[PDB]
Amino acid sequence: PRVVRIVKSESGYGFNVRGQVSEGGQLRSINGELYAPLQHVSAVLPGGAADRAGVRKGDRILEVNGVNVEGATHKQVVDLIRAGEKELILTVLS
């Protein structure tokens, strides 16, 4: 787990999020710890805000803006990402 601050730029945050549309699901082991399903970063725009902040493709999103998103729907995670006008704090598992 690492915490990253991303500042929205003229290309947005510059990443794509991908994952389940439903809520809940089975536990999975990631790095020896158990988590319910996580959305993940499916693309990172080169030179965009997420890239500059150190976000990488494949990162699993554990928290958005301090809110745990295990088992969250895609919509819940997108809405949390969009909660701030400019600042985004992600906790990711690489």
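If you superpose the two forms and keep the largest set of C-alpha atoms that fall within 1.5 Å, you have the rigid core. Numbers for residues come from their place in the sequence shown, where the first is 1.
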Of the two stretches 75 to 83 and 20 to 28, CA positions deviate more in 7 other deposited structures of this protein after rigid core alignment for 20 to 28
With the rigid core as the fit reference, the stretch showing the greater C-alpha departure in 7 other deposited structures of this protein, 44 to 52 or 31 to 39, is 31 to 39
For 73 to 81 versus 21 to 29, entry-based mean Cα B-factors point to 21 to 29
Mean B factor on CA atoms, stretches 83 to 91 and 1 to 9, record says higher is 1 to 9
Max C-alpha B-factor within the set 45, 53, 36, 62 falls on 53
